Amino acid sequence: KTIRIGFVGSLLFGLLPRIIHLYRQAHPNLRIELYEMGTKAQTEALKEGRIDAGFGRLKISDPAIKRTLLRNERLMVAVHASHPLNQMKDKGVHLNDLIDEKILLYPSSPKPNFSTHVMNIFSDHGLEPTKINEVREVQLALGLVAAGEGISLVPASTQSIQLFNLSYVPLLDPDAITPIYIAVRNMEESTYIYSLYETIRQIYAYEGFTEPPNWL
């Protein structure tokens, strides 16, 4: 009678909480254990049975795991209000506008992680940011930006964090995205997981995202 759900910390700023809340309303008799962990930990947790569902942001594929893309979330650039890039907030900027800026990557957790994903997007277009500095967590990066130490690339849902003189600029490159996946065991056929799928679908319909006909 216990569902165990793993999730990367960055998903706390997006739709995940309202998904869990709606899921809990339909399941008073179920025990919802929420675990914060990275995609690499979730994969091992799924096989072993430590979690039943995993929400992550990278696609490290595995025979025993069925991962489904929920959506591609936009990346944005966090800048100080006075930064030149903040003059291009309405229309947006491109990745190649960022290469001579002091870029704050995060987290400092084991790789692969969000900083590896960010650096991969740059390297996918032959872009080479020379002024790079890795810090521990998202709020540290935003704090440092607000204090005037650089810029940071962040998921759009990070706008949940509003700091004094911190502005978020849209990125125009189509592939300036960070995906969100739900991962379950390849064999999975539980009514709890399918109801979780249903809950996610229900909320994605409320927001009105573009989804295939066979999606979940």
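Position 1 is the first residue in the sequence shown; the rest follow in order. Rigid core (definition): largest C-alpha set, two forms, superposition within 1.5 Å.
- Between 204 to 212 and 14 to 22, the larger root mean square Cα shift in 5 other deposited structures of this protein, once each structure is superposed on the rigid core, falls on 204 to 212.
- Structural divergence in 5 other deposited structures of this protein between 173 to 181 and 54 to 62: following superposition by the core, 54 to 62 has C-alpha atoms lying farther from the shown form.
- Between the stretches 1 to 9 and 207 to 215, it is 207 to 215 that shows the larger average CA temperature factor.
- Taking the PDB entry as given, 93 to 101 carries the higher mean Cα B factor of the two stretches 93 to 101 and 137 to 145.
- The residue among 169, 180, 34, 177 whose C-alpha atom has the highest B-factor in the PDB entry is 34.
- Annotation for 165, 152, 158, 29: 29 ranks highest, by Cα B-factor.
- In the deposited entry, the Cα temperature factor of residue 200 sits in the top third of values across the chain's modelled residues.
- For residue 22, the recorded CA B-factor ranks within the middle third of the chain. Only modelled residues enter the ranking.
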